[PDB]
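Just the one chain here, the form deposited in one PDB entry, laid out as structure tokens.
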């Protein structure tokens, strides 16, 4: 079956997804790594199998239904940027090693200390579990979604964790089951501008 218009999966696995980063951003969405479609398109969260653009609209973070082609307009119009913990493309997170994640978390903390957005948004618990242990030296055991009790070191950057936008996750089967975190993220951002 052909899902990538004649492009082999082995070619996509060698491709990367660029960062959409700048200064004065309210939010930076940090993914785990690119999926095969993101590597294919060269844009963040294209469908099918991803809830991100649906949740972004349902929560009120965007005024209309946006898509992956709109990712570069997000810093200027919305104050939202994009990065990932791991550079390498795989079909799923389970194809990544501990070594890649730990190297990723180090480069991620450097990137965050340069751009210093108001909120570092972890789109996936697994990446915050690895990051928090490596950076803050905390226990992974009772880790929760939402606002974290630690800031990115040397910055005023907050850490906010969300269930991955991937539709592989059966615990939050629909975009509607994830929207709560997007709404609480919209509220946290609104509170920062208010205060």
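Numbering follows the first chain given and starts at 1.
The form deposited with a small molecule bound is left out here; the points below concern that form.
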**OP:** Could you work out which of 132, 157, 50, 148 is the residue within 4.5 angstroms of the small molecule in the entry with it bound, going by heavy atoms?
**Re:** 50
Subject >> Heavy atom within 4.5 Å of the small molecule in the entry with it bound - the one residue of 61, 161, 152, 38 that qualifies >> reply: 38
Subject >> Segment assignment from 30-38, 66-74, 53-61, 137-145: heavy atom within 4.5 Å of the small molecule in the entry with it bound >> reply: 30-38
Original post:
Is there a heavy atom of residue 45 lying 4.5 Å or less from a heavy atom of the small molecule in the entry with it bound?
Top reply: yes
